[PDB]
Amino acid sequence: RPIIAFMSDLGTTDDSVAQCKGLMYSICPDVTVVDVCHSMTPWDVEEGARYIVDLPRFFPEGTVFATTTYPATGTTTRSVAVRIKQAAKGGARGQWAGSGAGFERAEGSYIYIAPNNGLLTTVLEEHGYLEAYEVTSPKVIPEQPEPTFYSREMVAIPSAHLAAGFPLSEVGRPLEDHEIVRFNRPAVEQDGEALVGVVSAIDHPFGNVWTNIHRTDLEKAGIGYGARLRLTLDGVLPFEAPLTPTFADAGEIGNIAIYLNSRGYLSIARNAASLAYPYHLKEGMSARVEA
């Protein structure tokens, strides 16, 4: 019962994803293809990374994650396929996902295949990895790949072979760590007692505001549920509220909530109202907090 979870920048407005899927079912007849999402900003490797980093612990062991934005499509570049180490514990407090005490995942149970353009930076950072290979074998990719469609040729197709049981180590040569491209992760800074980060994402479709300031960054500063915080955005739009577990703790609908989101990051919203949209708040805006 193999699964491929598929994240691309292909969109859902034409037959691009369906072409990849027909091939995935062709190669791995028993496969289930789960869409992650296909709407990411094209070529934004950092955004793509956020949609894939936390997936492992939610999926059955043995799942393959086919994850791709491929701006270098048609170049001599080749995908990397990696077996991760730990399916972390996560959340706004960390754990295995699921009912009861959650579903514990054995180590080395998930493979990602992606362009080697840094898309997997946070996956490897958070999960570690046991082995990594360049994807080059004509057994798992086209002999004559379509130049403009490497997301199909060098990700979807080889991902189906992996799901179909093709030995990972057979895809191509091992990659040394330095050969795996990484993006730079801007660190959360300290300015006096405040923490300076950025708005990492607008949380669609709610218009919640996510920062890159993490629960661990907060607890490093003696900040926990119930602390009166001031959070400034874009350096000028400021906000004040206690840190609360969830939206409704803000009281009335529309009231500001400052909370930790399901990924453990300091976030800000309105209670059952959109914060970001009325004010055109955006990813990339400076975000500063302080108790």
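A residue's number is simply how far along the shown sequence it sits, counting from 1. We call the rigid core whatever largest set of C-alpha positions still superposes within 1.5 Å between the two forms.
Greater average departure of CA atoms from the shown form, over structures and residues in 8 other deposited structures of this protein after a core fit, characterises 188-196 among 188-196 and 136-144. In terms of root mean square C-alpha deviation after superposing on the rigid core in 8 other deposited structures of this protein, the stretch standing farther out between 237-245 and 61-69 is 237-245. Here the stretch with the larger average CA B-factor, out of 91-99 and 75-83, is 91-99. Two stretches are in play, 231-239 and 253-261, and the higher mean C-alpha B-factor belongs to 231-239.
For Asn184, the recorded CA B-factor ranks within the highest third of the chain. Only modelled residues enter the ranking. Among all modelled residues in this chain, the alpha-carbon of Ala18 has a temperature factor (C-alpha) in the lowest third.
Compared with the other modelled residues of the chain, the Cα B-factor recorded for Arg105 ranks in the middle third. Sort the chain's modelled residues by C-alpha temperature factor and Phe65 lands in the lowest third, per the entry. In this PDB entry, the Cα temperature factor of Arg270 sits in the bottom third of its chain's modelled residues, the lowest group.
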